[PDB]
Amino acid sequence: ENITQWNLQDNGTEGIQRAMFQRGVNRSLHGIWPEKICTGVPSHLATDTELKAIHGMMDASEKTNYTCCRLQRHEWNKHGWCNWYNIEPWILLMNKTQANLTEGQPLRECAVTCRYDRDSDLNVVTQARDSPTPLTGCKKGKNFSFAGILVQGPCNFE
């Protein structure tokens, strides 16, 4: 079982969260994490042409104006190659996961990190996953905002 984490838009968070806001993106895939973290030399070096096939995944780096392919390459190198063995299945899963994220809130969306906003008395979700996890930056007893969708608890089922 693989952790599936993604970023959520927020004008209040600098970096990708703000870029996503400006571009009308709500969810941008961060990664699919099996337990094993790749160490050592990748079996194949990912090209920009391969990495751009993950449509909708925005890079976390300003050095590419939040496009491709620093984050994508990093994901292949650190979590990809040693687990999927070939770039093809990995791009297919990554692309299809990002498609489901673009087509609204998934099956299980659980907050990972928040930015508590005093003006709206809300825990704005900056990163979510498909499994519950101890939170960070989330004020106790306050409601959650997953790219505008308001939820009672830390885990959103739509």
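Residue indices: 1-based, along the sequence shown.
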Test of understanding: from the entry's C-alpha B-factors, which stretch has the higher mean, 65 to 73 or 99 to 107? 99 to 107
Between 125 to 133 and 27 to 35, point out the one with the higher average CA B-factor as the PDB entry records it. 125 to 133
According to the PDB entry, is the CA B factor of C114 in the bottom, middle or top third of its chain, that is, lowest, middle or highest? middle
State the tercile, meaning the lowest, middle or highest third, of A60 with respect to the CA B-factors recorded for its chain. middle
Third assignment of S120 from its chain's C-alpha B-factors: highest
Chain third (lowest, middle, highest) by recorded CA B-factor, residue given as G40: highest
Quick check for you: using the entry's CA B-factors within this chain, is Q152 in the lowest, middle or highest third? highest
